[PDB]
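Text of data24.cif, listed as mmCIF, C-alpha atoms and all ligand atoms:
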```cif
data_coords
#
loop_
_atom_site.group_PDB
_atom_site.id
_atom_site.type_symbol
_atom_site.label_atom_id
_atom_site.label_comp_id
_atom_site.auth_asym_id
_atom_site.auth_seq_id
_atom_site.Cartn_x
_atom_site.Cartn_y
_atom_site.Cartn_z
ATOM 1 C CA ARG A 151 -36.733 -5.381 -23.434
ATOM 2 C CA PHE A 152 -35.122 -2.712 -25.612
ATOM 3 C CA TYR A 153 -36.072 -0.006 -23.116
ATOM 4 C CA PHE A 154 -34.316 -1.897 -20.325
ATOM 5 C CA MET A 155 -31.226 -2.477 -22.470
ATOM 6 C CA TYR A 156 -31.097 1.206 -23.414
ATOM 7 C CA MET A 157 -31.497 2.460 -19.851
ATOM 8 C CA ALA A 158 -28.793 0.066 -18.654
ATOM 9 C CA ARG A 159 -26.364 1.301 -21.307
ATOM 10 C CA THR A 160 -27.216 4.937 -20.579
ATOM 11 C CA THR A 161 -26.751 4.594 -16.823
ATOM 12 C CA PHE A 162 -23.448 2.768 -17.257
ATOM 13 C CA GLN A 163 -22.105 5.445 -19.592
ATOM 14 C CA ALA A 164 -23.317 8.150 -17.207
ATOM 15 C CA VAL A 165 -21.757 6.659 -14.067
ATOM 16 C CA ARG A 166 -18.435 5.619 -15.670
ATOM 17 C CA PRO A 167 -16.775 8.959 -14.740
ATOM 18 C CA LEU A 168 -18.311 8.878 -11.268
ATOM 19 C CA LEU A 169 -16.768 5.444 -10.757
ATOM 20 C CA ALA A 170 -13.371 6.533 -12.074
ATOM 21 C CA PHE A 171 -13.511 9.519 -9.715
ATOM 22 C CA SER A 172 -14.841 7.772 -6.590
ATOM 23 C CA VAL A 173 -13.704 4.145 -6.356
ATOM 24 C CA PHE A 174 -10.225 4.581 -7.808
ATOM 25 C CA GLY A 175 -10.068 7.643 -5.580
ATOM 26 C CA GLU A 176 -10.824 5.464 -2.562
ATOM 27 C CA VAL A 177 -8.024 3.129 -3.641
ATOM 28 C CA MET A 178 -5.600 6.044 -3.958
ATOM 29 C CA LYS A 179 -6.723 7.230 -0.525
ATOM 30 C CA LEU A 180 -6.020 3.818 0.989
ATOM 31 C CA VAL A 181 -2.528 3.948 -0.496
ATOM 32 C CA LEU A 182 -1.970 7.469 0.835
ATOM 33 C CA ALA A 183 -3.172 6.448 4.291
ATOM 34 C CA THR A 184 -0.827 3.460 4.353
ATOM 35 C CA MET A 185 2.344 4.915 2.804
ATOM 36 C CA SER A 186 4.901 6.872 4.823
ATOM 37 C CA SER A 187 8.274 6.821 3.061
ATOM 38 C CA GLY A 188 9.534 9.095 0.301
ATOM 39 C CA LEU A 189 10.531 6.710 -2.472
ATOM 40 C CA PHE A 190 7.108 5.067 -2.614
ATOM 41 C CA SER A 191 5.464 8.499 -2.555
ATOM 42 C CA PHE A 192 7.669 9.686 -5.414
ATOM 43 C CA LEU A 193 6.596 6.625 -7.391
ATOM 44 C CA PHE A 194 2.908 6.990 -6.452
ATOM 45 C CA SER A 195 2.637 10.617 -7.588
ATOM 46 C CA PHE A 196 2.834 9.307 -11.153
ATOM 47 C CA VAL A 197 0.009 6.853 -10.465
ATOM 48 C CA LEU A 198 -2.078 9.800 -9.291
ATOM 49 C CA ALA A 199 -1.307 11.713 -12.492
ATOM 50 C CA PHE A 200 -2.231 8.646 -14.546
ATOM 51 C CA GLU A 201 -5.543 8.548 -12.683
ATOM 52 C CA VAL A 202 -6.105 12.168 -13.713
ATOM 53 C CA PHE A 203 -5.554 11.289 -17.367
ATOM 54 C CA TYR A 204 -7.743 8.185 -17.082
ATOM 55 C CA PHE A 205 -10.582 10.234 -15.606
ATOM 56 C CA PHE A 206 -10.397 12.638 -18.534
ATOM 57 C CA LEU A 207 -10.397 9.710 -20.968
ATOM 58 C CA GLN A 208 -13.492 8.216 -19.337
ATOM 59 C CA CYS A 209 -15.193 11.611 -19.492
ATOM 60 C CA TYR A 210 -14.455 11.857 -23.220
ATOM 61 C CA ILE A 211 -15.830 8.357 -23.817
ATOM 62 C CA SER A 212 -18.982 9.174 -21.860
ATOM 63 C CA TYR A 213 -19.463 12.434 -23.762
ATOM 64 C CA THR A 214 -19.209 10.557 -27.057
ATOM 65 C CA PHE A 215 -21.654 7.814 -26.106
ATOM 66 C CA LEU A 216 -24.090 10.310 -24.583
ATOM 67 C CA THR A 217 -24.155 12.535 -27.655
ATOM 68 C CA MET A 218 -24.802 9.329 -29.593
ATOM 69 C CA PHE A 219 -27.635 8.254 -27.275
ATOM 70 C CA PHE A 220 -29.306 11.689 -27.017
ATOM 71 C CA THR A 221 -29.236 12.533 -30.734
ATOM 72 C CA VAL A 222 -32.680 12.697 -32.354
ATOM 73 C CA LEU A 223 -33.369 13.197 -36.046
ATOM 74 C CA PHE A 224 -36.672 15.030 -35.571
ATOM 75 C CA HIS B 112 21.832 -36.518 50.440
ATOM 76 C CA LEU B 113 23.508 -33.390 51.856
ATOM 77 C CA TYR B 114 23.455 -31.526 48.524
ATOM 78 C CA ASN B 115 20.570 -30.295 46.376
ATOM 79 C CA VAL B 116 21.419 -32.204 43.207
ATOM 80 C CA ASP B 117 19.797 -34.783 40.954
ATOM 81 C CA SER B 118 23.072 -36.444 39.900
ATOM 82 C CA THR B 119 26.726 -36.478 40.940
ATOM 83 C CA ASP B 120 27.997 -34.496 37.924
ATOM 84 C CA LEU B 121 28.116 -30.831 38.937
ATOM 85 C CA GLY B 122 29.340 -29.698 35.514
ATOM 86 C CA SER B 123 32.666 -28.967 33.908
ATOM 87 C CA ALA B 124 35.584 -27.537 35.866
ATOM 88 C CA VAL B 125 36.292 -24.954 33.138
ATOM 89 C CA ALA B 126 34.064 -22.231 31.766
ATOM 90 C CA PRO B 127 32.616 -22.526 28.250
ATOM 91 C CA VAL B 128 34.306 -21.126 25.163
ATOM 92 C CA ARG B 129 32.726 -18.178 23.386
ATOM 93 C CA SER B 130 30.683 -19.489 20.464
ATOM 94 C CA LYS B 131 28.058 -17.830 18.292
ATOM 95 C CA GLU B 132 26.408 -21.240 17.933
ATOM 96 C CA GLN B 133 26.169 -21.849 21.679
ATOM 97 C CA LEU B 134 24.802 -18.340 22.203
ATOM 98 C CA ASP B 135 22.118 -18.884 19.562
ATOM 99 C CA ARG B 136 21.282 -22.275 21.081
ATOM 100 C CA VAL B 137 20.830 -20.845 24.577
ATOM 101 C CA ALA B 138 18.761 -17.941 23.261
ATOM 102 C CA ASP B 139 16.457 -20.249 21.304
ATOM 103 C CA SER B 140 16.021 -22.514 24.325
ATOM 104 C CA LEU B 141 15.122 -19.532 26.508
ATOM 105 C CA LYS B 142 12.641 -18.229 23.932
ATOM 106 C CA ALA B 143 10.984 -21.643 23.728
ATOM 107 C CA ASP B 144 10.791 -21.961 27.512
ATOM 108 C CA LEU B 145 9.286 -18.478 27.870
ATOM 109 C CA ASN B 146 6.754 -18.773 25.022
ATOM 110 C CA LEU B 147 5.990 -15.065 24.824
ATOM 111 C CA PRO B 148 4.009 -13.831 21.783
ATOM 112 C CA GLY B 149 5.417 -10.362 21.260
ATOM 113 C CA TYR B 150 9.147 -10.995 21.158
ATOM 114 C CA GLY B 151 10.768 -9.402 18.125
ATOM 115 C CA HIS B 152 7.704 -7.289 17.348
ATOM 116 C CA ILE B 153 8.613 -3.776 16.206
ATOM 117 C CA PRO B 154 5.679 -1.338 16.316
ATOM 118 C CA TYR B 155 7.648 1.575 14.838
ATOM 119 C CA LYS B 156 10.914 1.623 12.900
ATOM 120 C CA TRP B 157 12.741 4.734 11.726
ATOM 121 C CA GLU B 158 11.966 5.068 8.031
ATOM 122 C CA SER B 159 15.127 4.444 6.027
ATOM 123 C CA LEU B 160 16.497 2.503 3.092
ATOM 124 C CA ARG B 161 18.682 0.697 5.612
ATOM 125 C CA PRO B 162 16.938 -2.273 7.279
ATOM 126 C CA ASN B 163 18.161 -1.462 10.819
ATOM 127 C CA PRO B 164 18.635 2.297 11.291
ATOM 128 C CA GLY B 165 21.344 2.836 13.861
ATOM 129 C CA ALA B 166 22.168 -0.696 14.960
HETATM 130 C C1 LIG A 301 15.098 24.451 -4.977
HETATM 131 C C2 LIG A 301 16.388 24.088 -4.247
HETATM 132 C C3 LIG A 301 16.851 22.677 -4.606
HETATM 133 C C4 LIG A 301 15.734 21.667 -4.361
HETATM 134 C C5 LIG A 301 16.275 20.247 -4.462
HETATM 135 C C6 LIG A 301 17.032 19.885 -3.187
HETATM 136 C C7 LIG A 301 16.843 18.406 -2.846
HETATM 137 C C8 LIG A 301 17.895 17.561 -3.555
HETATM 138 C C9 LIG A 301 17.742 16.106 -3.123
HETATM 139 C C10 LIG A 301 16.806 15.379 -4.086
HETATM 140 C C11 LIG A 301 16.858 13.874 -3.824
HETATM 141 C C12 LIG A 301 15.616 13.441 -3.052
HETATM 142 C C13 LIG A 301 15.553 11.914 -3.003
HETATM 143 C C14 LIG A 301 14.306 11.420 -3.739
HETATM 144 C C15 LIG A 301 14.239 9.892 -3.739
HETATM 145 C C16 LIG A 301 13.345 9.389 -2.602
HETATM 146 C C17 LIG A 301 14.057 9.498 -1.250
HETATM 147 C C18 LIG A 301 13.496 10.673 -0.452
HETATM 148 O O1 LIG A 301 13.071 11.624 -1.013
HETATM 149 O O2 LIG A 301 13.496 10.638 0.945
HETATM 150 C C19 LIG A 301 14.130 11.756 1.493
HETATM 151 C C20 LIG A 301 13.197 12.475 2.463
HETATM 152 C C21 LIG A 301 12.326 11.466 3.201
HETATM 153 O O3 LIG A 301 13.107 10.410 3.660
HETATM 154 P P1 LIG A 301 12.398 9.300 4.642
HETATM 155 O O4 LIG A 301 10.903 9.488 4.615
HETATM 156 O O5 LIG A 301 12.903 9.484 6.049
HETATM 157 O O6 LIG A 301 12.777 7.791 4.100
HETATM 158 C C22 LIG A 301 14.078 7.453 3.693
HETATM 159 C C23 LIG A 301 15.117 8.515 4.057
HETATM 160 O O7 LIG A 301 14.854 9.716 3.402
HETATM 161 C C24 LIG A 301 16.491 8.076 3.578
HETATM 162 O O8 LIG A 301 16.876 6.884 4.190
HETATM 163 P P2 LIG A 301 18.052 7.042 5.326
HETATM 164 O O9 LIG A 301 17.463 7.709 6.544
HETATM 165 O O10 LIG A 301 18.598 5.686 5.693
HETATM 166 O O11 LIG A 301 19.265 7.987 4.728
HETATM 167 C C25 LIG A 301 20.095 8.622 5.659
HETATM 168 C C26 LIG A 301 21.086 9.575 4.992
HETATM 169 C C27 LIG A 301 21.317 9.189 3.529
HETATM 170 O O12 LIG A 301 22.054 10.195 2.892
HETATM 171 C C28 LIG A 301 23.384 10.304 3.317
HETATM 172 O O13 LIG A 301 23.834 9.530 4.092
HETATM 173 C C29 LIG A 301 24.263 11.431 2.782
HETATM 174 C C30 LIG A 301 23.491 12.224 1.729
HETATM 175 C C31 LIG A 301 24.218 13.530 1.412
HETATM 176 C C32 LIG A 301 24.998 13.396 0.106
HETATM 177 C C33 LIG A 301 25.912 14.611 -0.051
HETATM 178 C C34 LIG A 301 26.325 14.776 -1.513
HETATM 179 C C35 LIG A 301 27.479 13.840 -1.863
HETATM 180 C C36 LIG A 301 28.574 14.671 -2.528
HETATM 181 C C37 LIG A 301 29.702 13.772 -3.025
HETATM 182 C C38 LIG A 301 30.646 14.605 -3.889
HETATM 183 C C39 LIG A 301 31.520 15.472 -2.985
HETATM 184 C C40 LIG A 301 32.511 16.321 -3.791
HETATM 185 C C41 LIG A 301 31.824 17.249 -4.800
HETATM 186 C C42 LIG A 301 30.925 18.277 -4.112
HETATM 187 C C43 LIG A 301 31.771 19.393 -3.505
HETATM 188 C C44 LIG A 301 30.849 20.443 -2.888
HETATM 189 C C45 LIG A 301 31.377 21.850 -3.167
HETATM 190 O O14 LIG A 301 20.612 10.887 5.101
HETATM 191 C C46 LIG A 301 19.625 11.256 4.185
HETATM 192 O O15 LIG A 301 18.678 10.568 4.021
HETATM 193 C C47 LIG A 301 19.788 12.547 3.389
HETATM 194 C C48 LIG A 301 18.480 12.886 2.679
HETATM 195 C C49 LIG A 301 18.422 14.381 2.374
HETATM 196 C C50 LIG A 301 16.996 14.741 1.974
HETATM 197 C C51 LIG A 301 16.983 16.024 1.145
HETATM 198 C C52 LIG A 301 17.119 17.242 2.053
HETATM 199 C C53 LIG A 301 16.643 18.472 1.288
HETATM 200 C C54 LIG A 301 15.226 18.801 1.736
HETATM 201 C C55 LIG A 301 14.568 19.773 0.766
HETATM 202 C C56 LIG A 301 15.282 21.116 0.803
HETATM 203 C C57 LIG A 301 14.409 22.152 0.109
HETATM 204 C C58 LIG A 301 15.179 23.460 -0.020
HETATM 205 C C59 LIG A 301 14.199 24.578 -0.351
HETATM 206 C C60 LIG A 301 13.459 24.293 -1.651
HETATM 207 C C61 LIG A 301 12.863 25.604 -2.157
HETATM 208 C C62 LIG A 301 11.895 25.352 -3.309
HETATM 209 C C63 LIG A 301 10.957 26.554 -3.427
HETATM 210 O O16 LIG A 301 12.354 13.328 1.751
HETATM 211 C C64 LIG A 301 12.961 14.436 1.157
HETATM 212 O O17 LIG A 301 14.110 14.672 1.321
HETATM 213 C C65 LIG A 301 12.100 15.336 0.289
HETATM 214 C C66 LIG A 301 12.935 15.982 -0.810
HETATM 215 C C67 LIG A 301 12.061 17.047 -1.455
HETATM 216 C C68 LIG A 301 12.858 17.926 -2.400
HETATM 217 C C69 LIG A 301 12.009 19.162 -2.641
HETATM 218 C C70 LIG A 301 12.665 20.088 -3.653
HETATM 219 C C71 LIG A 301 11.920 21.420 -3.641
HETATM 220 C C72 LIG A 301 10.555 21.263 -4.300
HETATM 221 C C73 LIG A 301 9.606 22.351 -3.812
HETATM 222 C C74 LIG A 301 8.187 21.819 -3.970
HETATM 223 C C75 LIG A 301 7.164 22.860 -3.541
HETATM 224 C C76 LIG A 301 6.442 22.401 -2.276
HETATM 225 C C77 LIG A 301 7.440 22.178 -1.143
HETATM 226 C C78 LIG A 301 6.862 22.708 0.167
HETATM 227 C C79 LIG A 301 7.474 24.070 0.457
HETATM 228 C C80 LIG A 301 7.133 25.024 -0.683
HETATM 229 C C81 LIG A 301 7.682 26.412 -0.400
HETATM 230 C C1 LIG A 302 -24.450 15.449 -24.031
HETATM 231 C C2 LIG A 302 -23.865 15.947 -22.710
HETATM 232 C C3 LIG A 302 -22.609 15.150 -22.361
HETATM 233 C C4 LIG A 302 -22.210 15.405 -20.906
HETATM 234 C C5 LIG A 302 -20.888 14.701 -20.604
HETATM 235 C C6 LIG A 302 -20.586 14.728 -19.104
HETATM 236 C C7 LIG A 302 -19.301 13.946 -18.834
HETATM 237 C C8 LIG A 302 -18.315 14.761 -17.992
HETATM 238 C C9 LIG A 302 -18.914 15.065 -16.616
HETATM 239 C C10 LIG A 302 -17.799 15.252 -15.582
HETATM 240 C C11 LIG A 302 -18.169 16.347 -14.579
HETATM 241 C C12 LIG A 302 -17.155 16.376 -13.433
HETATM 242 C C13 LIG A 302 -17.158 17.741 -12.741
HETATM 243 C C14 LIG A 302 -17.359 17.578 -11.233
HETATM 244 C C15 LIG A 302 -16.062 17.143 -10.545
HETATM 245 C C16 LIG A 302 -15.254 18.359 -10.086
HETATM 246 C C17 LIG A 302 -15.868 18.960 -8.823
HETATM 247 C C18 LIG A 302 -15.155 20.255 -8.441
HETATM 248 O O1 LIG A 302 -15.289 21.221 -9.112
HETATM 249 O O2 LIG A 302 -14.354 20.306 -7.294
HETATM 250 C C19 LIG A 302 -14.180 21.590 -6.762
HETATM 251 C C20 LIG A 302 -13.006 22.290 -7.442
HETATM 252 C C21 LIG A 302 -11.712 22.003 -6.681
HETATM 253 O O3 LIG A 302 -11.688 22.637 -5.437
HETATM 254 P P1 LIG A 302 -10.373 22.364 -4.479
HETATM 255 O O4 LIG A 302 -9.926 20.935 -4.641
HETATM 256 O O5 LIG A 302 -9.241 23.273 -4.872
HETATM 257 O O6 LIG A 302 -10.746 22.642 -2.901
HETATM 258 C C22 LIG A 302 -12.088 22.631 -2.519
HETATM 259 C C23 LIG A 302 -12.722 21.320 -2.982
HETATM 260 N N1 LIG A 302 -13.887 20.935 -2.205
HETATM 261 C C24 LIG A 302 -14.840 22.022 -2.104
HETATM 262 C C25 LIG A 302 -14.518 19.839 -2.906
HETATM 263 C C26 LIG A 302 -13.508 20.472 -0.887
HETATM 264 O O7 LIG A 302 -13.241 23.671 -7.487
HETATM 265 C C27 LIG A 302 -12.307 24.391 -8.241
HETATM 266 O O8 LIG A 302 -11.774 25.339 -7.772
HETATM 267 C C28 LIG A 302 -11.967 23.934 -9.659
HETATM 268 C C29 LIG A 302 -11.382 25.065 -10.502
HETATM 269 C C30 LIG A 302 -10.525 24.480 -11.626
HETATM 270 C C31 LIG A 302 -11.394 23.893 -12.736
HETATM 271 C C32 LIG A 302 -11.656 22.406 -12.491
HETATM 272 C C33 LIG A 302 -12.599 21.873 -13.564
HETATM 273 C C34 LIG A 302 -11.844 20.959 -14.525
HETATM 274 C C35 LIG A 302 -11.760 19.555 -13.921
HETATM 275 C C36 LIG A 302 -13.034 18.748 -14.186
HETATM 276 C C37 LIG A 302 -13.230 18.466 -15.676
HETATM 277 C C38 LIG A 302 -14.386 17.482 -15.851
HETATM 278 C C39 LIG A 302 -15.070 17.680 -17.203
HETATM 279 C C40 LIG A 302 -14.241 17.042 -18.316
HETATM 280 C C41 LIG A 302 -15.045 17.035 -19.616
HETATM 281 C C42 LIG A 302 -14.212 16.444 -20.753
HETATM 282 C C43 LIG A 302 -15.055 16.409 -22.028
HETATM 283 C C44 LIG A 302 -14.150 16.197 -23.240
#
```
Let me see the file written as structure tokens.
Amino acid sequence: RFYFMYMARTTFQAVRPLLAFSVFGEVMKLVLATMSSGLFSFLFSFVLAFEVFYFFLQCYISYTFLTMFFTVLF
Amino acid sequence: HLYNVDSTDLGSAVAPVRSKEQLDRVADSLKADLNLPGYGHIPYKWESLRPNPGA
């Protein structure tokens, strides 16, 4: 069972950035497709920037957990 | 029997008085009698902070 647990954890930590980049991207794309005015767009630019920062945070977390999971003593 | 009427009262001898309430009443009655799904629908509205651009 430990092998299954480990592979699950590894795959989750590996796909975390892909999710942050793809599904939240689809949400942003829905919003872009639906919005027309200028005030809402001005306010949504900051959401896009926050998504940038969140993607970088997820990438850092994944890097940390992956260097923990792929570190061998011998 | 010579006239096309249901009763003997042919209405008032003076025209109505202008009234927002009477106008709204008549408009609502006409809308109900027509029963048209699509009245008041606005497919495109000029984008503006004002609710009704122009009017
Ligand atoms: C660098 C130069 C300076 C740049 C800054 C200049 C812009 C300053 C304005 C900033 C404020 C913007 C408002 C933001 C809040 C959200 C609202 C909104 O934006 O919607 C407006 C509009 C969209 O409106 P909408 O979608 O129809 O929806 C609502 C309506 O807008 C509105 O609803 P409505 O229709 O009911 O309102 C009707 C009425 C409402 O307004 C009025 O009734 C009257 C308003 C006038 C007020 C007059 C001032 C009052 C003075 C009083 C004091 C008098 C005495 C003192 C003064 C004496 C004078 C000597 O009319 C208006 O809406 C007027 C809006 C004017 C829009 C701005 C026009 C400028 C376009 C950009 C020019 C770019 C120049 C070249 C830049 C070069 C850069 C390299 O979008 C924009 O205007 C975009 C502004 C973008 C600014 C860009 C700045 C440059 C950045 C460059 C980026 C690089 C890429 C660019 C591509 C090209 C690259 C080369
Ligand atoms: C033990 C090992 C640990 C490994 C950890 C792995 C976790 C991090 C993995 C994330 C990889 C994501 C990279 C692919 C996504 C970008 C694709 C791309 O390049 O688009 C074409 C881009 C953008 O092109 P474009 O948008 O201008 O127009 C064309 C785009 N296409 C072709 C897609 C239509 O090409 C470029 O010109 C980019 C040049 C600028 C540099 C951009 C790279 C920085 C941004 C990504 C950083 C991600 C790593 C962060 C690591 C943080 C660690 C602390």
For the file shown, what are the residues hit by the PyMOL selection byres (((not hetatm)) within 7 of (chain A and resi 301)), laid out as a PDB file with C-alpha atoms, keeping the file's coordinate frame?
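File written: out.pdb
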```
ATOM      1  CA  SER A 186       4.901   6.872   4.823  1.00  0.00           C
ATOM      2  CA  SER A 187       8.274   6.821   3.061  1.00  0.00           C
ATOM      3  CA  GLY A 188       9.534   9.095   0.301  1.00  0.00           C
ATOM      4  CA  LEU A 189      10.531   6.710  -2.472  1.00  0.00           C
ATOM      5  CA  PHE A 192       7.669   9.686  -5.414  1.00  0.00           C
TER       6      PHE A 192
ATOM      7  CA  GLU B 158      11.966   5.068   8.031  1.00  0.00           C
ATOM      8  CA  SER B 159      15.127   4.444   6.027  1.00  0.00           C
ATOM      9  CA  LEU B 160      16.497   2.503   3.092  1.00  0.00           C
ATOM     10  CA  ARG B 161      18.682   0.697   5.612  1.00  0.00           C
ATOM     11  CA  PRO B 164      18.635   2.297  11.291  1.00  0.00           C
TER      12      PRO B 164
END
```
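Those residues that approach region 197-212 of chain A to within 9 Å, counting only C-alpha atoms, are residues 163, 164, 165, 166, 167, 168, 170, 171, 174, 175, 178, 193, 194, 195, 214, 215, 216 and 217 of chain A; same-chain residues fewer than 2 positions away are not listed.
For the pair CA of residue 219 (chain A) and CA of residue 160 (chain A), the interatomic distance is 7.5 Å.
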Enclose all atoms of ligand LIG 302 (chain A) listed in the file in an axis-aligned box, grow every side by 4 Å, and hand back centre and edge lengths in Å to one decimal, as lines of an AutoDock Vina configuration file.
```
center_x = -16.8
center_y = 19.6
center_z = -12.5
size_x = 23.2
size_y = 19.4
size_z = 31.1
```
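With distances taken over all atoms listed in the file, A:185 is the one residue among A:177, A:223, A:185, A:218 lying closest to chain B.
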